[PDB]
Structure formats: structure tokens, C-alpha cells
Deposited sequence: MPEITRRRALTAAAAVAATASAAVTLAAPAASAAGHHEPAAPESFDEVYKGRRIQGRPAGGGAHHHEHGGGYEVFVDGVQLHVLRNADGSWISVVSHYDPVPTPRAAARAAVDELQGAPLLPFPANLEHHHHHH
């Protein structure tokens, strides 16, 4: 079953998540994310490093980006 949606400003950027399997956005641009069999998550900008939730993946993405806009997949 689907994680809950979220909306927050993290390190000056708007991160959003919502069930779709699940979509994440950074300042309105979609961040591709994948759920692993054990329920952890990764994103295209941290693809080898599982984190527990989609919001954690969004925050890991904002940390990685260091202010840079995301490019639409």
C-alpha cells in the first residue's frame, strides 16, 4: 500500500510527494523514484543508496543538488 502524500519546504526548495506508483517533485519538477522490495526508496540522483521513505528520497535529492534545478525526465 501507498505512502502518504507530503508537502514541505526543505533547504529552500519545495518538495512534494503523492501516490500516483508514487510521484515526487522538486520545485514542481518530477524526481524519478523507485521503491525497493523491502519498502525502501531510491531516486535517480541517489540510485545506489536506499533511504526509508519517498520524503527521505526527496530530501536526499535536494541535498545532492546543492541548489541546482532538476531536469525533467
Stretches with no C-alpha position, numbering per deposited sequence from 1: 1-39, 60-70, 124-134
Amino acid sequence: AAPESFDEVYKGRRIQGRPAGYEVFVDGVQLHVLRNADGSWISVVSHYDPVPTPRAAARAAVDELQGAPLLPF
From here on, numbers count along this sequence of modelled residues.
Entry-level comparison of average CA B-factors, 21-29 and 54-62, reporting the higher stretch: 21-29
